[PDB]
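Novice: This one is final23.cif, mmCIF, C-alpha atoms and all ligand atoms.
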```cif
data_final
loop_
_atom_site.group_PDB
_atom_site.id
_atom_site.type_symbol
_atom_site.label_atom_id
_atom_site.label_comp_id
_atom_site.auth_asym_id
_atom_site.auth_seq_id
_atom_site.Cartn_x
_atom_site.Cartn_y
_atom_site.Cartn_z
ATOM 1 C CA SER A 1 89.876 113.566 86.861
ATOM 2 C CA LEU A 2 90.198 114.757 90.485
ATOM 3 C CA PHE A 3 90.132 111.204 91.591
ATOM 4 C CA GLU A 4 93.299 110.263 89.577
ATOM 5 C CA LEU A 5 95.070 113.387 90.623
ATOM 6 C CA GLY A 6 94.322 112.771 94.288
ATOM 7 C CA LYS A 7 95.462 109.206 93.965
ATOM 8 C CA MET A 8 98.826 110.179 92.285
ATOM 9 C CA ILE A 9 99.588 112.648 95.009
ATOM 10 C CA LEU A 10 98.820 110.088 97.680
ATOM 11 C CA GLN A 11 101.063 107.667 95.905
ATOM 12 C CA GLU A 12 104.077 109.945 95.403
ATOM 13 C CA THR A 13 103.973 111.770 98.705
ATOM 14 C CA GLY A 15 102.279 109.377 101.154
ATOM 15 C CA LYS A 16 100.111 112.268 102.338
ATOM 16 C CA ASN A 17 96.289 112.577 102.467
ATOM 17 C CA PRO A 18 96.046 114.751 99.353
ATOM 18 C CA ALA A 19 92.865 116.625 100.298
ATOM 19 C CA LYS A 20 94.185 117.339 103.827
ATOM 20 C CA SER A 21 97.767 118.149 102.712
ATOM 21 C CA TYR A 22 97.042 119.902 99.405
ATOM 22 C CA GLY A 23 93.301 120.579 99.029
ATOM 23 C CA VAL A 24 93.768 124.160 100.290
ATOM 24 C CA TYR A 25 97.561 124.470 100.267
ATOM 25 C CA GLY A 26 99.319 127.654 99.394
ATOM 26 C CA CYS A 27 98.005 129.802 96.619
ATOM 27 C CA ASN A 28 97.834 127.239 93.970
ATOM 28 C CA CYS A 29 97.163 123.855 95.381
ATOM 29 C CA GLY A 30 93.590 122.535 95.346
ATOM 30 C CA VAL A 31 90.460 124.650 95.382
ATOM 31 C CA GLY A 32 90.575 127.882 93.520
ATOM 32 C CA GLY A 33 92.811 129.266 90.818
ATOM 33 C CA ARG A 34 96.514 130.050 90.605
ATOM 34 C CA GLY A 35 98.397 132.743 92.435
ATOM 35 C CA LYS A 36 101.993 133.527 93.126
ATOM 36 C CA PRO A 37 103.510 130.339 94.644
ATOM 37 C CA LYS A 38 104.301 130.296 98.399
ATOM 38 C CA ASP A 39 107.061 127.745 98.140
ATOM 39 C CA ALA A 40 108.305 124.927 96.011
ATOM 40 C CA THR A 41 105.239 122.776 96.840
ATOM 41 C CA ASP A 42 102.978 125.583 95.785
ATOM 42 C CA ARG A 43 104.952 126.113 92.577
ATOM 43 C CA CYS A 44 104.327 122.501 91.630
ATOM 44 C CA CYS A 45 100.572 123.304 91.832
ATOM 45 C CA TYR A 46 100.963 126.474 89.804
ATOM 46 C CA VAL A 47 102.749 124.620 87.056
ATOM 47 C CA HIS A 48 99.961 122.008 87.193
ATOM 48 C CA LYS A 49 97.069 124.464 86.755
ATOM 49 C CA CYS A 50 98.965 125.937 83.732
ATOM 50 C CA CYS A 51 99.365 122.508 82.457
ATOM 51 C CA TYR A 52 95.482 122.184 82.585
ATOM 52 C CA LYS A 53 95.099 125.457 80.739
ATOM 53 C CA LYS A 57 96.749 124.239 77.633
ATOM 54 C CA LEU A 58 94.509 121.229 77.298
ATOM 55 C CA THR A 59 91.723 121.053 74.714
ATOM 56 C CA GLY A 60 89.215 118.343 74.008
ATOM 57 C CA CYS A 61 88.717 116.870 77.458
ATOM 58 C CA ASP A 67 87.681 118.049 80.910
ATOM 59 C CA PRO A 68 90.563 117.846 83.442
ATOM 60 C CA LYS A 69 88.419 117.704 86.552
ATOM 61 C CA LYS A 70 85.812 115.262 85.377
ATOM 62 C CA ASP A 71 87.317 113.072 82.750
ATOM 63 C CA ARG A 72 88.852 109.905 83.958
ATOM 64 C CA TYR A 73 92.039 108.669 82.421
ATOM 65 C CA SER A 74 94.097 105.655 83.060
ATOM 66 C CA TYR A 75 97.541 105.365 84.486
ATOM 67 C CA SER A 76 99.555 102.683 86.189
ATOM 68 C CA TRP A 77 101.922 102.480 89.183
ATOM 69 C CA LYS A 78 104.941 100.705 87.769
ATOM 70 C CA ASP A 79 108.003 100.220 89.995
ATOM 71 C CA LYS A 80 106.687 103.043 92.154
ATOM 72 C CA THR A 81 106.541 105.231 89.046
ATOM 73 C CA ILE A 82 103.432 106.818 87.659
ATOM 74 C CA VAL A 83 103.028 105.883 83.987
ATOM 75 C CA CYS A 84 100.291 107.615 81.889
ATOM 76 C CA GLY A 85 98.209 105.331 79.791
ATOM 77 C CA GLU A 86 96.350 106.275 76.728
ATOM 78 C CA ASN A 87 96.508 107.875 73.283
ATOM 79 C CA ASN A 88 93.529 110.318 73.340
ATOM 80 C CA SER A 89 95.820 113.322 73.092
ATOM 81 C CA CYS A 90 93.993 115.461 75.667
ATOM 82 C CA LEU A 92 93.751 112.715 78.266
ATOM 83 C CA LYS A 93 97.439 111.746 77.836
ATOM 84 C CA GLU A 94 98.494 115.348 78.289
ATOM 85 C CA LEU A 95 96.108 115.564 81.256
ATOM 86 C CA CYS A 96 97.701 112.541 82.805
ATOM 87 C CA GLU A 97 101.177 114.004 82.236
ATOM 88 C CA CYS A 98 100.063 117.180 83.928
ATOM 89 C CA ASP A 99 98.926 115.294 87.006
ATOM 90 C CA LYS A 100 101.962 113.028 87.124
ATOM 91 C CA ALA A 101 104.345 115.957 86.993
ATOM 92 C CA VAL A 102 102.488 117.559 89.924
ATOM 93 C CA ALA A 103 102.561 114.479 92.036
ATOM 94 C CA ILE A 104 106.337 113.996 91.521
ATOM 95 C CA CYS A 105 106.899 117.647 92.023
ATOM 96 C CA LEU A 106 105.018 117.541 95.363
ATOM 97 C CA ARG A 107 107.060 114.560 96.517
ATOM 98 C CA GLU A 108 110.362 116.273 95.490
ATOM 99 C CA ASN A 109 109.377 119.175 97.616
ATOM 100 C CA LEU A 110 108.038 117.499 100.768
ATOM 101 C CA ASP A 111 111.330 118.501 102.331
ATOM 102 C CA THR A 112 110.037 122.055 102.469
ATOM 103 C CA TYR A 113 106.319 121.335 102.903
ATOM 104 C CA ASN A 114 104.887 123.762 105.361
ATOM 105 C CA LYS A 115 101.941 122.728 107.510
ATOM 106 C CA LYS A 116 101.557 126.455 107.937
ATOM 107 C CA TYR A 117 100.211 126.766 104.373
ATOM 108 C CA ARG A 118 97.934 123.732 104.577
ATOM 109 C CA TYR A 119 94.561 125.367 105.129
ATOM 110 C CA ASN A 120 94.920 128.505 103.167
ATOM 111 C CA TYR A 121 91.376 129.772 103.468
ATOM 112 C CA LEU A 122 92.797 133.067 102.205
ATOM 113 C CA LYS A 123 93.367 131.755 98.679
ATOM 114 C CA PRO A 125 91.167 134.520 97.173
ATOM 115 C CA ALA A 126 93.795 136.893 98.636
ATOM 116 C CA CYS A 127 96.781 135.324 96.884
ATOM 117 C CA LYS A 128 98.834 137.501 94.573
ATOM 118 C CA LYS A 129 97.682 137.096 90.952
ATOM 119 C CA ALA A 130 99.668 134.676 88.818
ATOM 120 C CA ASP A 131 101.551 135.380 85.648
ATOM 121 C CA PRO A 132 99.833 134.084 82.536
ATOM 122 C CA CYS A 133 100.739 130.531 81.662
ATOM 123 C CA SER B 1 101.423 93.916 112.710
ATOM 124 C CA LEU B 2 99.359 92.695 109.750
ATOM 125 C CA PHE B 3 98.079 96.111 109.139
ATOM 126 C CA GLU B 4 101.609 97.618 108.608
ATOM 127 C CA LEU B 5 102.544 94.686 106.517
ATOM 128 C CA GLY B 6 99.502 94.898 104.198
ATOM 129 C CA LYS B 7 100.070 98.592 103.885
ATOM 130 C CA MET B 8 103.731 98.224 102.797
ATOM 131 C CA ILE B 9 102.729 95.738 100.229
ATOM 132 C CA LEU B 10 99.964 97.967 98.809
ATOM 133 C CA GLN B 11 102.471 100.746 98.661
ATOM 134 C CA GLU B 12 105.202 98.825 96.834
ATOM 135 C CA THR B 13 103.007 96.817 94.470
ATOM 136 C CA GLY B 15 99.859 98.906 94.127
ATOM 137 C CA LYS B 16 97.934 95.651 94.609
ATOM 138 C CA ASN B 17 95.164 94.820 97.105
ATOM 139 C CA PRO B 18 97.401 92.928 99.554
ATOM 140 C CA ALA B 19 94.717 90.632 101.022
ATOM 141 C CA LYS B 20 93.429 89.794 97.533
ATOM 142 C CA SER B 21 96.858 89.429 95.849
ATOM 143 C CA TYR B 22 98.857 87.782 98.608
ATOM 144 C CA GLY B 23 96.570 86.793 101.470
ATOM 145 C CA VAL B 24 96.355 83.270 100.234
ATOM 146 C CA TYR B 25 99.047 83.329 97.519
ATOM 147 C CA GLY B 26 101.256 80.383 96.802
ATOM 148 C CA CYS B 27 102.669 78.368 99.675
ATOM 149 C CA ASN B 28 104.141 81.051 101.777
ATOM 150 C CA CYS B 29 102.200 84.242 101.310
ATOM 151 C CA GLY B 30 99.535 85.126 103.845
ATOM 152 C CA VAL B 31 97.681 82.721 106.046
ATOM 153 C CA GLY B 32 99.506 79.649 107.341
ATOM 154 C CA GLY B 33 103.172 78.695 107.589
ATOM 155 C CA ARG B 34 105.967 78.263 105.057
ATOM 156 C CA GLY B 35 106.225 75.727 102.359
ATOM 157 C CA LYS B 36 108.284 75.210 99.252
ATOM 158 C CA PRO B 37 107.950 78.500 97.337
ATOM 159 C CA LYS B 38 106.062 78.328 94.038
ATOM 160 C CA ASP B 39 107.722 81.290 92.455
ATOM 161 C CA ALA B 40 109.710 84.431 93.019
ATOM 162 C CA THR B 41 106.715 86.049 94.675
ATOM 163 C CA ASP B 42 106.239 83.044 96.897
ATOM 164 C CA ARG B 43 109.970 83.074 97.712
ATOM 165 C CA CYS B 44 109.608 86.607 99.000
ATOM 166 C CA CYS B 45 107.017 85.409 101.497
ATOM 167 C CA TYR B 46 109.128 82.424 102.606
ATOM 168 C CA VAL B 47 112.119 84.671 103.312
ATOM 169 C CA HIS B 48 109.719 86.891 105.124
ATOM 170 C CA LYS B 49 108.417 84.178 107.454
ATOM 171 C CA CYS B 50 112.066 83.171 108.135
ATOM 172 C CA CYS B 51 112.842 86.710 108.943
ATOM 173 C CA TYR B 52 110.161 86.634 111.741
ATOM 174 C CA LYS B 53 111.743 83.607 113.425
ATOM 175 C CA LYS B 57 114.789 85.722 114.204
ATOM 176 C CA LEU B 58 112.574 87.951 116.352
ATOM 177 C CA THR B 59 112.336 87.405 120.083
ATOM 178 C CA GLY B 60 109.976 89.268 122.376
ATOM 179 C CA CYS B 61 107.772 91.071 119.901
ATOM 180 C CA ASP B 67 104.688 89.638 118.175
ATOM 181 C CA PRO B 68 104.774 90.142 114.380
ATOM 182 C CA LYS B 69 101.019 89.732 113.867
ATOM 183 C CA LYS B 70 99.826 91.872 116.727
ATOM 184 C CA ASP B 71 102.590 94.317 117.467
ATOM 185 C CA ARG B 72 102.388 97.587 115.609
ATOM 186 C CA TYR B 73 105.560 99.458 114.743
ATOM 187 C CA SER B 74 106.248 102.726 112.969
ATOM 188 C CA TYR B 75 107.599 103.225 109.481
ATOM 189 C CA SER B 76 107.550 105.986 106.912
ATOM 190 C CA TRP B 77 107.229 106.433 103.196
ATOM 191 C CA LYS B 78 110.112 108.645 102.118
ATOM 192 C CA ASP B 79 111.028 109.189 98.488
ATOM 193 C CA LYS B 80 108.714 106.309 97.680
ATOM 194 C CA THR B 81 110.872 104.142 99.963
ATOM 195 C CA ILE B 82 109.738 102.288 103.050
ATOM 196 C CA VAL B 83 111.814 103.381 106.051
ATOM 197 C CA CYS B 84 111.665 101.528 109.319
ATOM 198 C CA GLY B 85 111.396 103.720 112.360
ATOM 199 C CA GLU B 86 112.336 102.770 115.815
ATOM 200 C CA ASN B 87 115.050 101.428 118.114
ATOM 201 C CA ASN B 88 113.220 98.656 120.068
ATOM 202 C CA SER B 89 115.448 96.039 118.574
ATOM 203 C CA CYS B 90 112.633 93.563 117.892
ATOM 204 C CA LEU B 92 110.167 96.002 116.342
ATOM 205 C CA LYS B 93 113.003 97.370 114.153
ATOM 206 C CA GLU B 94 113.918 93.938 112.904
ATOM 207 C CA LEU B 95 110.218 93.197 112.437
ATOM 208 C CA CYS B 96 109.696 96.293 110.327
ATOM 209 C CA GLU B 97 112.807 95.400 108.249
ATOM 210 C CA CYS B 98 111.397 91.941 107.702
ATOM 211 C CA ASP B 99 108.125 93.492 106.439
ATOM 212 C CA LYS B 100 109.857 96.046 104.239
ATOM 213 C CA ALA B 101 112.035 93.421 102.641
ATOM 214 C CA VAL B 102 109.004 91.419 101.694
ATOM 215 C CA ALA B 103 107.011 94.289 100.253
ATOM 216 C CA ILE B 104 110.083 95.230 98.011
ATOM 217 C CA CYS B 105 110.522 91.702 97.124
ATOM 218 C CA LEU B 106 106.916 91.327 95.988
ATOM 219 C CA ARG B 107 107.194 94.539 93.881
ATOM 220 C CA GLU B 108 110.408 93.350 92.363
ATOM 221 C CA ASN B 109 108.678 90.180 91.395
ATOM 222 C CA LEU B 110 105.364 91.466 90.049
ATOM 223 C CA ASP B 111 106.567 90.632 86.618
ATOM 224 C CA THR B 112 106.067 86.917 87.347
ATOM 225 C CA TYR B 113 103.091 87.225 89.729
ATOM 226 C CA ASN B 114 100.609 84.532 88.764
ATOM 227 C CA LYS B 115 96.856 84.974 89.424
ATOM 228 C CA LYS B 116 96.664 81.227 89.342
ATOM 229 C CA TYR B 117 98.432 81.120 92.742
ATOM 230 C CA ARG B 118 96.324 83.872 94.309
ATOM 231 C CA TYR B 119 93.651 81.885 96.160
ATOM 232 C CA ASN B 120 95.624 78.828 97.177
ATOM 233 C CA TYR B 121 93.110 77.250 99.569
ATOM 234 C CA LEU B 122 95.389 74.215 99.099
ATOM 235 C CA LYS B 123 98.172 75.634 101.356
ATOM 236 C CA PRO B 125 98.101 72.748 103.866
ATOM 237 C CA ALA B 126 99.162 70.683 100.770
ATOM 238 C CA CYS B 127 102.301 72.739 100.203
ATOM 239 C CA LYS B 128 105.537 70.816 100.488
ATOM 240 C CA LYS B 129 107.155 71.425 103.917
ATOM 241 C CA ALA B 130 109.644 74.351 104.156
ATOM 242 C CA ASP B 131 113.375 73.844 104.720
ATOM 243 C CA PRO B 132 114.805 75.460 107.844
ATOM 244 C CA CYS B 133 115.444 79.128 107.503
HETATM 245 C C1 LIG C 201 92.847 104.543 89.229
HETATM 246 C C2 LIG C 201 94.313 104.672 88.936
HETATM 247 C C3 LIG C 201 95.179 103.486 89.163
HETATM 248 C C4 LIG C 201 96.457 103.819 89.909
HETATM 249 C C5 LIG C 201 97.166 102.515 90.159
HETATM 250 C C6 LIG C 201 97.391 102.165 91.608
HETATM 251 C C7 LIG C 201 96.351 101.163 92.105
HETATM 252 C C8 LIG C 201 95.960 101.407 93.564
HETATM 253 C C9 LIG C 201 97.204 102.016 94.208
HETATM 254 C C10 LIG C 201 96.946 102.615 95.601
HETATM 255 C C11 LIG C 201 98.222 102.639 96.468
HETATM 256 C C12 LIG C 201 99.339 103.455 95.848
HETATM 257 C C13 LIG C 201 100.762 103.058 96.247
HETATM 258 C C14 LIG C 201 101.578 104.231 96.803
HETATM 259 C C15 LIG C 201 101.635 104.338 98.305
HETATM 260 C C16 LIG C 201 101.036 105.517 99.062
HETATM 261 C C17 LIG C 201 100.659 105.123 100.507
HETATM 262 C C18 LIG C 201 99.210 104.744 100.869
HETATM 263 O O1 LIG C 201 98.454 103.891 100.184
HETATM 264 O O2 LIG C 201 98.685 105.208 101.891
HETATM 265 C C1 LIG C 202 85.705 113.678 90.432
HETATM 266 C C2 LIG C 202 85.106 112.668 91.414
HETATM 267 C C3 LIG C 202 85.575 112.836 92.876
HETATM 268 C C4 LIG C 202 86.934 112.196 93.120
HETATM 269 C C5 LIG C 202 87.329 112.200 94.597
HETATM 270 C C6 LIG C 202 88.639 112.960 94.674
HETATM 271 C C7 LIG C 202 89.174 113.174 96.087
HETATM 272 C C8 LIG C 202 90.563 113.790 96.046
HETATM 273 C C9 LIG C 202 90.583 115.104 95.287
HETATM 274 C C10 LIG C 202 91.468 116.129 96.010
HETATM 275 C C11 LIG C 202 92.921 115.951 95.639
HETATM 276 C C12 LIG C 202 93.764 117.129 96.151
HETATM 277 C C13 LIG C 202 94.123 118.062 95.030
HETATM 278 C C14 LIG C 202 95.450 118.761 95.143
HETATM 279 C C15 LIG C 202 95.874 119.102 93.744
HETATM 280 C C16 LIG C 202 97.068 120.032 93.717
HETATM 281 C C17 LIG C 202 97.460 120.299 92.277
HETATM 282 C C18 LIG C 202 96.607 121.434 91.710
HETATM 283 O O1 LIG C 202 95.875 122.076 92.573
HETATM 284 O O2 LIG C 202 96.563 121.807 90.509
HETATM 285 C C1 LIG C 203 95.198 92.346 112.394
HETATM 286 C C2 LIG C 203 94.512 93.706 112.329
HETATM 287 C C3 LIG C 203 94.715 94.346 110.968
HETATM 288 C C4 LIG C 203 93.488 94.244 110.097
HETATM 289 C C5 LIG C 203 93.755 95.067 108.848
HETATM 290 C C6 LIG C 203 93.945 94.130 107.644
HETATM 291 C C7 LIG C 203 95.208 94.320 106.784
HETATM 292 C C8 LIG C 203 95.682 92.940 106.400
HETATM 293 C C9 LIG C 203 96.481 92.822 105.106
HETATM 294 C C10 LIG C 203 97.078 91.414 105.093
HETATM 295 C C11 LIG C 203 97.924 91.201 103.845
HETATM 296 C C12 LIG C 203 98.954 90.131 104.108
HETATM 297 C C13 LIG C 203 99.575 89.743 102.801
HETATM 298 C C14 LIG C 203 100.446 88.532 102.925
HETATM 299 C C15 LIG C 203 101.819 88.909 103.355
HETATM 300 C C16 LIG C 203 102.816 88.044 102.616
HETATM 301 C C17 LIG C 203 104.110 87.937 103.386
HETATM 302 C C18 LIG C 203 103.981 86.718 104.239
HETATM 303 O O1 LIG C 203 102.965 86.083 104.122
HETATM 304 O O2 LIG C 203 104.882 86.378 105.157
#
```
In structure tokens, write the structure found in this file.
Specialist:
Amino acid sequence: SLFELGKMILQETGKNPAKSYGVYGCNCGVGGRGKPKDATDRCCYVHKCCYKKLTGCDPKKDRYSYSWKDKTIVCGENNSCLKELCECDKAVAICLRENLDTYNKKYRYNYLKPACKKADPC
Amino acid sequence: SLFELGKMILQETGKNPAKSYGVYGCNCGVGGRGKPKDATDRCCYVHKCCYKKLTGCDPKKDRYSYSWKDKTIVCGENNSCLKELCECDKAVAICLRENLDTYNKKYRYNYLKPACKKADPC
């Protein structure tokens, strides 16, 4: 769920995830996908596509379990949808950390998300 | 200060630092040093020794800056005492992570700390 996602991001990046990503770029947080603004945004794009291929569980609502093992996110549990959901979220959190070096405060409150360029199909 | 310390520990271990370590073993948390019970406890011992090297800053009260970069604690700032203090704190949070594999819940609430064998000199 949103709660696990927000936690992973906080863990990998050290940043308040809602403040740093809740309205970041064209893909991060509220809203849909759009053409990525930068590497950070592209992480979020890839993440929302990752959600699209899931069946059998609800990405936003359904909790799943994961652990923080040697400062590594490790997804927990069998149920094929929830595992894949966890892997989606993990990959985003790592991706956001890998790309903090180009994080742009400028894109942080992108209230113009409805105006992002449409995204390619996943 | 205690707040930076408890934060570094949460960050490295993912564990509630007051609950996991506030009264753990003979060295962790409240009180002085004693003979370490385990690897975890040894971390805390080394840590308290580290603080004795510090002159003219107060480890419990004095705040210092540090960052979380690439899931690494990085100590911030010049003032030779605060720097050394932060490095003490970082070393212990890594140490505790490194030793989670032998963390024992049985040592967690050691109200019996005044009965710990006396520490050797640092
Ligand atoms: C509900 C999912 C469980 C996830 C396991 C982690 C348990 C609680 C961990 C919370 C701290 C994460 C450590 C990473 C450090 C980020 C810095 C910070 O806490 O401000
Ligand atoms: C579901 C119950 C509420 C849980 C509280 C969650 C609070 C944190 C949620 C906001 C996290 C920021 C989301 C950024 C996600 C970027 C990746 C993506 O948009 O696909
Ligand atoms: C003093 C004002 C800060 C109040 C905020 C509370 C945060 C406290 C967390 C304390 C956790 C300490 C864990 C024990 C540290 C082990 C290392 C050692 O004992 O030398």
Novice: Could you list the protein, DNA and RNA residues that have any atom within 6 Å of ligand LIG 202 (chain C), counting only C-alpha atoms and all ligand atoms, and write them as a ChimeraX atom specification?
Specialist: /A:1-3,6,18-19,22-23,28-30,45,48-49,70
Novice: Output chain A as an mmCIF file with C-alpha atoms, in the coordinates of the input, after least-squares fitting it to chain B on all in-order C-alpha pairs.
Specialist:
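Heads up, here's the output in superposed_20.cif:
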```cif
data_model
loop_
_atom_site.group_PDB
_atom_site.id
_atom_site.type_symbol
_atom_site.label_atom_id
_atom_site.label_comp_id
_atom_site.auth_asym_id
_atom_site.auth_seq_id
_atom_site.Cartn_x
_atom_site.Cartn_y
_atom_site.Cartn_z
ATOM 1 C CA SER A 1 101.637 94.117 112.837
ATOM 2 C CA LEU A 2 99.495 92.735 109.981
ATOM 3 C CA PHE A 3 98.218 96.175 109.360
ATOM 4 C CA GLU A 4 101.735 97.609 108.618
ATOM 5 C CA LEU A 5 102.660 94.651 106.526
ATOM 6 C CA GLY A 6 99.500 94.932 104.451
ATOM 7 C CA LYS A 7 100.069 98.619 104.008
ATOM 8 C CA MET A 8 103.739 98.157 102.824
ATOM 9 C CA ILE A 9 102.699 95.620 100.260
ATOM 10 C CA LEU A 10 99.966 97.891 98.977
ATOM 11 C CA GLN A 11 102.472 100.668 98.761
ATOM 12 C CA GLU A 12 105.244 98.795 96.935
ATOM 13 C CA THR A 13 103.107 96.756 94.586
ATOM 14 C CA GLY A 15 99.896 98.769 94.102
ATOM 15 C CA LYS A 16 97.915 95.573 94.671
ATOM 16 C CA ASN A 17 95.167 94.814 97.239
ATOM 17 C CA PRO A 18 97.446 92.836 99.559
ATOM 18 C CA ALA A 19 94.785 90.547 101.041
ATOM 19 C CA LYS A 20 93.351 89.760 97.573
ATOM 20 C CA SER A 21 96.760 89.448 95.839
ATOM 21 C CA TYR A 22 98.779 87.844 98.648
ATOM 22 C CA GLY A 23 96.487 86.763 101.507
ATOM 23 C CA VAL A 24 96.402 83.185 100.156
ATOM 24 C CA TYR A 25 99.135 83.321 97.512
ATOM 25 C CA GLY A 26 101.396 80.428 96.797
ATOM 26 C CA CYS A 27 102.679 78.329 99.624
ATOM 27 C CA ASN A 28 104.072 81.024 101.725
ATOM 28 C CA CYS A 29 102.178 84.207 101.302
ATOM 29 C CA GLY A 30 99.509 85.101 103.869
ATOM 30 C CA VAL A 31 97.548 82.638 105.958
ATOM 31 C CA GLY A 32 99.344 79.572 107.096
ATOM 32 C CA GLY A 33 102.983 78.639 107.417
ATOM 33 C CA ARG A 34 105.847 78.307 104.955
ATOM 34 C CA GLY A 35 106.250 75.737 102.238
ATOM 35 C CA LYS A 36 108.408 75.333 99.205
ATOM 36 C CA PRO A 37 108.009 78.568 97.170
ATOM 37 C CA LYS A 38 105.947 78.455 93.936
ATOM 38 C CA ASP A 39 107.746 81.322 92.281
ATOM 39 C CA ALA A 40 109.742 84.400 93.030
ATOM 40 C CA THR A 41 106.722 86.120 94.654
ATOM 41 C CA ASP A 42 106.224 83.144 96.891
ATOM 42 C CA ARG A 43 109.920 83.061 97.786
ATOM 43 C CA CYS A 44 109.672 86.630 99.024
ATOM 44 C CA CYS A 45 106.984 85.384 101.475
ATOM 45 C CA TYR A 46 109.083 82.422 102.542
ATOM 46 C CA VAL A 47 112.017 84.648 103.321
ATOM 47 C CA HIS A 48 109.616 86.903 105.262
ATOM 48 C CA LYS A 49 108.198 84.161 107.511
ATOM 49 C CA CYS A 50 111.832 83.122 108.295
ATOM 50 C CA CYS A 51 112.559 86.651 109.045
ATOM 51 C CA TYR A 52 109.687 86.511 111.678
ATOM 52 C CA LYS A 53 111.125 83.345 113.152
ATOM 53 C CA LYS A 57 114.296 84.949 114.260
ATOM 54 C CA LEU A 58 112.559 87.693 116.169
ATOM 55 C CA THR A 59 112.369 87.714 119.968
ATOM 56 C CA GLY A 60 110.740 90.154 122.318
ATOM 57 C CA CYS A 61 107.795 91.328 120.252
ATOM 58 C CA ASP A 67 104.812 89.811 118.468
ATOM 59 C CA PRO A 68 105.057 90.181 114.652
ATOM 60 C CA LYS A 69 101.359 89.867 113.933
ATOM 61 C CA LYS A 70 100.022 92.061 116.678
ATOM 62 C CA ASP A 71 102.630 94.580 117.579
ATOM 63 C CA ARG A 72 102.463 97.817 115.753
ATOM 64 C CA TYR A 73 105.623 99.515 114.667
ATOM 65 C CA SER A 74 106.241 102.699 112.876
ATOM 66 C CA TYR A 75 107.641 103.293 109.461
ATOM 67 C CA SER A 76 107.530 106.073 106.930
ATOM 68 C CA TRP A 77 107.090 106.352 103.143
ATOM 69 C CA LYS A 78 109.976 108.556 102.105
ATOM 70 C CA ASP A 79 110.524 109.246 98.392
ATOM 71 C CA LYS A 80 108.457 106.153 97.671
ATOM 72 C CA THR A 81 110.801 104.173 99.919
ATOM 73 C CA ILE A 82 109.778 102.330 103.028
ATOM 74 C CA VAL A 83 111.929 103.452 105.966
ATOM 75 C CA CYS A 84 111.682 101.555 109.318
ATOM 76 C CA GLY A 85 111.378 103.714 112.350
ATOM 77 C CA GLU A 86 112.322 102.765 115.805
ATOM 78 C CA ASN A 87 115.039 101.425 118.102
ATOM 79 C CA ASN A 88 113.213 98.653 120.058
ATOM 80 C CA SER A 89 115.391 95.959 118.531
ATOM 81 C CA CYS A 90 112.585 93.457 117.894
ATOM 82 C CA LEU A 92 110.249 95.979 116.300
ATOM 83 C CA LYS A 93 113.026 97.397 114.064
ATOM 84 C CA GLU A 94 113.921 93.920 112.879
ATOM 85 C CA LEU A 95 110.198 93.232 112.419
ATOM 86 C CA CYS A 96 109.853 96.311 110.303
ATOM 87 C CA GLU A 97 112.892 95.304 108.230
ATOM 88 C CA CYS A 98 111.338 91.915 107.690
ATOM 89 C CA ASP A 99 108.148 93.448 106.350
ATOM 90 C CA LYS A 100 109.916 96.040 104.223
ATOM 91 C CA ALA A 101 112.068 93.423 102.550
ATOM 92 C CA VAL A 102 108.923 91.426 101.698
ATOM 93 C CA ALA A 103 107.105 94.347 100.244
ATOM 94 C CA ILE A 104 110.067 95.300 97.990
ATOM 95 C CA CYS A 105 110.586 91.714 97.113
ATOM 96 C CA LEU A 106 106.918 91.379 96.044
ATOM 97 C CA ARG A 107 107.170 94.495 93.896
ATOM 98 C CA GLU A 108 110.438 93.250 92.263
ATOM 99 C CA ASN A 109 108.637 90.119 91.332
ATOM 100 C CA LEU A 110 105.280 91.416 90.074
ATOM 101 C CA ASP A 111 106.645 90.703 86.622
ATOM 102 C CA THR A 112 106.096 87.021 87.304
ATOM 103 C CA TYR A 113 103.076 87.273 89.617
ATOM 104 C CA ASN A 114 100.667 84.539 88.777
ATOM 105 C CA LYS A 115 96.957 85.079 89.336
ATOM 106 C CA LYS A 116 96.871 81.313 89.170
ATOM 107 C CA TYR A 117 98.443 81.083 92.647
ATOM 108 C CA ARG A 118 96.301 83.811 94.197
ATOM 109 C CA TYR A 119 93.747 81.762 96.103
ATOM 110 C CA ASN A 120 95.773 78.823 97.145
ATOM 111 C CA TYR A 121 93.226 77.135 99.363
ATOM 112 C CA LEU A 122 95.534 74.119 99.159
ATOM 113 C CA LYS A 123 98.223 75.718 101.325
ATOM 114 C CA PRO A 125 98.076 72.821 103.843
ATOM 115 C CA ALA A 126 99.219 70.679 100.880
ATOM 116 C CA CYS A 127 102.344 72.697 100.099
ATOM 117 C CA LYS A 128 105.684 70.931 100.241
ATOM 118 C CA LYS A 129 107.341 71.437 103.647
ATOM 119 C CA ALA A 130 109.916 74.208 103.868
ATOM 120 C CA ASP A 131 113.544 73.938 104.793
ATOM 121 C CA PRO A 132 114.331 75.228 108.262
ATOM 122 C CA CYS A 133 115.120 78.912 108.376
#
```
Novice: Could you tell me which residues the PyMOL selection byres (((chain B and resi 24) around 12) and not hetatm) returns for this structure, as a list in words?
Specialist: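 What the PyMOL selection byres (((chain B and resi 24) around 12) and not hetatm) grabs from the file is residues 18, 19, 20, 21, 22, 23, 25, 26, 27, 28, 29, 30, 31, 32, 33, 34, 42, 45, 115, 116, 117, 118, 119, 120, 121, 122, 123 and 125 of chain B.
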Novice: List as a list in words the protein and nucleic acid residues near residue 4 (chain A), meaning an atom at most 9 Å away when all atoms listed in the file are counted, but skip any in the same chain fewer than 6 places from it.
Specialist: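 Here the answer would be residues 72, 73, 74, 75, 96 and 99 of chain A.
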Novice: Enumerate residues in contact with ligand LIG 201 (chain C): an atom-to-atom distance of at most 6 Å, counting only C-alpha atoms and all ligand atoms. Format the result as a PyMOL selection string.
Specialist: (chain A and resi 4+10-11+15+74-77) or (chain B and resi 10-11+15)
